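J.: Dumping the structure here so I can ask a few things about it.
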Amino acid sequence: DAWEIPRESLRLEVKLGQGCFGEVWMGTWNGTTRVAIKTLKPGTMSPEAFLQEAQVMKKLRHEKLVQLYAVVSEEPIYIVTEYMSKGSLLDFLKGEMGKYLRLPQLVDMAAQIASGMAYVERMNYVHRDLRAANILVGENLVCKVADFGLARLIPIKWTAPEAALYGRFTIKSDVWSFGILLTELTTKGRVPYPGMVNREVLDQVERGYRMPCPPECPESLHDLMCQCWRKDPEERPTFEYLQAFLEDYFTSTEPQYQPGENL
Ligand SMILES: Nc1ncnc2c1cnn2CC1CCNCC1
């Protein structure tokens, strides 16, 4: 790969996370470009298994997908990507900033993530783990889809039933997850299905249960969520449709919107 860079060119500065996969750092590339750097522990995971997230990232390029910059392919492995200054969308919604986010910023964020996924749709990829913990936020409220560790070319509260039960993962099961993501945005990052354990969630959703309209969220936005949660996967809307609806929301759908205490 022309993706390869020399080890001298990477300076790992501040640690940002741990795991069984390894760890993630903020750093510099070529002493100029700020970057996110992902480490594998040479022992714990397969080298080929860790490198697969990068393999898929080489083919995909879009302004709302976190961009690969470089790799170090030999053990110890490093994966260099663009640095997203504000952490995961989940931490952003739950944190100091969440207090001031109102519906117009939240729906814009939704529109951006929809655009990223529309690209994934057009390329015939599936993400399979779309949720606020796997979206990253940059300067100026930019949201980008991250973490294609599971993403192929054909977490039960975020997973569509047909996927969780029978392994049928498609772009339409991603659309379900997007519905769940809309509730994370509109509740400031609260865990979906509050007070329900996982075993209870599978049961309920199979029997037709769906989350109610979150406090102060317009019913038209809840109705979009319910479209993303249709039992029949092929009756769920496309990411191209969702992008456009969200982009146009405040003119076409909710032109009379007024600010409230939380949304
Ligand atoms: N590209 C990135 N920029 C900034 N932080 C990052 C990344 C990639 N991963 N991380 C670490 C976050 C830290 C918050 N929890 C989700 C993972």
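Residue numbering restarts at 1 in every chain; chains get A, B, ... in the order shown in the structure tokens, and ligands count up from 1 in that same order.
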At a cut-off of 10 Å, using only C-alpha atoms, what residues contact residue 100 of chain A? Leave out same-chain residues fewer than 3 positions from it and give the result as number ranges by chain.
T.: A: 93, 96-97, 105, 261-263
J.: Return as a PyMOL selection string the full set of residues in segment 94-157 of chain A whose backbone-based DSSP assignment is helix (DSSP H, G or I).
T.: chain A and resi 94+96-100+103-122+132-134+139-141
J.: Save out the residues we just selected, N, CA, C and O atoms, as a short mmCIF file (atom, residue, chain, number, x, y, z; two decimals), in the first residue's frame.
T.:
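Here's the written file again.cif:
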data_model
loop_
_atom_site.label_atom_id
_atom_site.label_comp_id
_atom_site.auth_asym_id
_atom_site.auth_seq_id
_atom_site.Cartn_x
_atom_site.Cartn_y
_atom_site.Cartn_z
N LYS A 94 -23.98 13.86 26.59
CA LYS A 94 -24.12 13.67 28.05
C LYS A 94 -23.36 14.74 28.83
O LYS A 94 -23.67 14.97 29.99
N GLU A 96 -21.00 18.66 29.35
CA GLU A 96 -21.25 20.09 29.54
C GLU A 96 -21.96 20.74 28.35
O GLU A 96 -22.84 21.56 28.54
N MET A 97 -21.57 20.36 27.14
CA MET A 97 -22.20 20.90 25.93
C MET A 97 -23.66 20.54 25.74
O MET A 97 -24.42 21.35 25.22
N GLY A 98 -24.05 19.32 26.14
CA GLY A 98 -25.43 18.85 25.95
C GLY A 98 -26.53 19.83 26.38
O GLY A 98 -27.57 19.92 25.73
N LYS A 99 -26.28 20.54 27.48
CA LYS A 99 -27.21 21.49 28.09
C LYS A 99 -27.75 22.54 27.10
O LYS A 99 -28.89 22.99 27.21
N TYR A 100 -26.91 22.92 26.16
CA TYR A 100 -27.22 24.01 25.26
C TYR A 100 -27.68 23.61 23.88
O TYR A 100 -28.18 24.44 23.14
N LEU A 103 -33.14 21.56 19.34
CA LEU A 103 -33.52 20.70 18.21
C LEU A 103 -32.78 21.03 16.89
O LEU A 103 -32.33 20.12 16.21
N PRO A 104 -32.63 22.33 16.55
CA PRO A 104 -31.96 22.68 15.28
C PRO A 104 -30.52 22.16 15.14
O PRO A 104 -30.11 21.76 14.05
N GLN A 105 -29.76 22.14 16.22
CA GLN A 105 -28.40 21.59 16.15
C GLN A 105 -28.44 20.08 16.12
O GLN A 105 -27.62 19.47 15.44
N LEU A 106 -29.40 19.49 16.84
CA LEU A 106 -29.50 18.02 16.93
C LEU A 106 -29.94 17.40 15.60
O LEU A 106 -29.41 16.37 15.20
N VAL A 107 -30.88 18.03 14.91
CA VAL A 107 -31.34 17.57 13.61
C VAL A 107 -30.28 17.77 12.52
O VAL A 107 -30.15 16.94 11.65
N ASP A 108 -29.51 18.86 12.59
CA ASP A 108 -28.33 19.05 11.72
C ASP A 108 -27.30 17.93 11.89
O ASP A 108 -26.79 17.37 10.90
N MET A 109 -26.99 17.59 13.14
CA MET A 109 -26.12 16.48 13.43
C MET A 109 -26.68 15.18 12.81
O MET A 109 -25.95 14.39 12.22
N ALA A 110 -27.97 14.97 12.97
CA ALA A 110 -28.64 13.82 12.37
C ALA A 110 -28.46 13.81 10.85
O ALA A 110 -28.16 12.77 10.23
N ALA A 111 -28.63 14.98 10.24
CA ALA A 111 -28.49 15.11 8.79
C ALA A 111 -27.09 14.75 8.32
O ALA A 111 -26.92 14.05 7.33
N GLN A 112 -26.07 15.21 9.05
CA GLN A 112 -24.69 14.86 8.69
C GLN A 112 -24.43 13.37 8.75
O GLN A 112 -23.80 12.82 7.85
N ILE A 113 -24.87 12.71 9.82
CA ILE A 113 -24.65 11.27 9.99
C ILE A 113 -25.42 10.51 8.90
O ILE A 113 -24.92 9.57 8.32
N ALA A 114 -26.64 10.95 8.61
CA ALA A 114 -27.41 10.46 7.46
C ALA A 114 -26.65 10.56 6.13
O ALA A 114 -26.74 9.67 5.31
N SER A 115 -25.91 11.65 5.92
CA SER A 115 -25.16 11.84 4.68
C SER A 115 -24.03 10.81 4.56
O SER A 115 -23.82 10.21 3.51
N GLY A 116 -23.31 10.61 5.67
CA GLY A 116 -22.27 9.59 5.73
C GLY A 116 -22.81 8.22 5.40
O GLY A 116 -22.24 7.50 4.57
N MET A 117 -23.93 7.87 6.03
CA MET A 117 -24.56 6.57 5.81
C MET A 117 -25.17 6.44 4.40
O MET A 117 -25.29 5.33 3.89
N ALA A 118 -25.56 7.56 3.80
CA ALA A 118 -26.07 7.55 2.42
C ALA A 118 -24.95 7.13 1.48
O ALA A 118 -25.19 6.41 0.50
N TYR A 119 -23.74 7.58 1.78
CA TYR A 119 -22.55 7.18 1.02
C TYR A 119 -22.29 5.68 1.19
O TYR A 119 -22.04 4.98 0.21
N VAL A 120 -22.38 5.20 2.43
CA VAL A 120 -22.21 3.78 2.72
C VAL A 120 -23.28 2.95 1.98
O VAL A 120 -23.00 1.88 1.46
N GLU A 121 -24.50 3.49 1.93
CA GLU A 121 -25.59 2.92 1.15
C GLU A 121 -25.25 2.83 -0.34
O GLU A 121 -25.41 1.77 -0.93
N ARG A 122 -24.82 3.95 -0.93
CA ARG A 122 -24.48 4.02 -2.37
C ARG A 122 -23.36 3.04 -2.76
O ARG A 122 -23.35 2.57 -3.88
N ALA A 132 -24.62 6.27 18.77
CA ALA A 132 -23.93 7.52 19.15
C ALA A 132 -22.51 7.29 19.67
O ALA A 132 -21.66 8.12 19.47
N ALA A 133 -22.23 6.13 20.27
CA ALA A 133 -20.87 5.83 20.75
C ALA A 133 -19.84 5.67 19.61
O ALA A 133 -18.63 5.73 19.84
N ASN A 134 -20.33 5.46 18.38
CA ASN A 134 -19.47 5.25 17.20
C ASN A 134 -19.56 6.40 16.21
O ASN A 134 -19.15 6.24 15.06
N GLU A 139 -14.74 20.11 15.34
CA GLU A 139 -14.99 21.54 15.55
C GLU A 139 -16.30 21.88 14.79
O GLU A 139 -16.67 21.19 13.83
N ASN A 140 -17.01 22.89 15.26
CA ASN A 140 -18.17 23.44 14.55
C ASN A 140 -19.33 22.43 14.38
O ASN A 140 -20.07 22.50 13.42
N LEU A 141 -19.46 21.51 15.33
CA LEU A 141 -20.53 20.52 15.36
C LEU A 141 -20.47 19.45 14.25
O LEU A 141 -21.42 18.74 14.05
#
J.: Between A:73, A:28, A:227, A:67, which is the closest to ligand 1 once you count only C-alpha atoms and all ligand atoms?
T.: A:67
J.: Point out the residue among A:191, A:84, A:213, A:228 with the least atom-to-atom distance to residue 178 of chain A, counting only C-alpha atoms.
T.: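 That would be A:228, the residue with the smallest distance to residue 178 of chain A.
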J.: Each residue of chain A with at least one atom at most 12 Å from ligand 1 should appear once, together with its nearest atom pair and the corresponding distance in Å (one decimal); atoms considered: only C-alpha atoms and all ligand atoms; ordering: chain, then increasing residue number; output as a tab-separated table.
T.:
residue	atom	partner	partner_atom_place_in_ligand_line	distance
A:14	CA	ligand 1	5 (N)	10.5
A:15	CA	ligand 1	11 (C)	8.9
A:16	CA	ligand 1	11 (C)	5.5
A:17	CA	ligand 1	11 (C)	5.9
A:18	CA	ligand 1	11 (C)	9.0
A:19	CA	ligand 1	17 (C)	10.5
A:22	CA	ligand 1	9 (N)	11.5
A:23	CA	ligand 1	11 (C)	8.6
A:24	CA	ligand 1	11 (C)	5.9
A:25	CA	ligand 1	11 (C)	7.4
A:26	CA	ligand 1	4 (C)	6.8
A:27	CA	ligand 1	3 (N)	9.9
A:34	CA	ligand 1	3 (N)	9.7
A:35	CA	ligand 1	1 (N)	7.2
A:36	CA	ligand 1	1 (N)	4.8
A:37	CA	ligand 1	8 (C)	7.6
A:38	CA	ligand 1	8 (C)	7.6
A:39	CA	ligand 1	9 (N)	10.8
A:65	CA	ligand 1	1 (N)	10.2
A:66	CA	ligand 1	1 (N)	6.7
A:67	CA	ligand 1	1 (N)	8.3
A:68	CA	ligand 1	1 (N)	9.1
A:69	CA	ligand 1	1 (N)	10.6
A:79	CA	ligand 1	8 (C)	10.1
A:80	CA	ligand 1	1 (N)	8.4
A:81	CA	ligand 1	1 (N)	5.7
A:82	CA	ligand 1	1 (N)	5.3
A:83	CA	ligand 1	3 (N)	3.9
A:84	CA	ligand 1	3 (N)	3.7
A:85	CA	ligand 1	4 (C)	5.6
A:86	CA	ligand 1	4 (C)	6.9
A:87	CA	ligand 1	14 (C)	4.7
A:88	CA	ligand 1	16 (C)	4.7
A:89	CA	ligand 1	16 (C)	8.3
A:90	CA	ligand 1	15 (N)	8.0
A:91	CA	ligand 1	14 (C)	6.9
A:92	CA	ligand 1	14 (C)	9.3
A:95	CA	ligand 1	14 (C)	11.9
A:131	CA	ligand 1	16 (C)	11.3
A:132	CA	ligand 1	16 (C)	9.4
A:133	CA	ligand 1	16 (C)	6.1
A:134	CA	ligand 1	16 (C)	6.6
A:135	CA	ligand 1	16 (C)	8.0
A:136	CA	ligand 1	2 (C)	6.9
A:137	CA	ligand 1	3 (N)	8.2
A:138	CA	ligand 1	3 (N)	8.2
A:139	CA	ligand 1	3 (N)	11.3
A:143	CA	ligand 1	1 (N)	11.3
A:144	CA	ligand 1	1 (N)	9.4
A:145	CA	ligand 1	1 (N)	10.1
A:146	CA	ligand 1	8 (C)	7.5
A:147	CA	ligand 1	8 (C)	8.0
A:148	CA	ligand 1	8 (C)	11.4
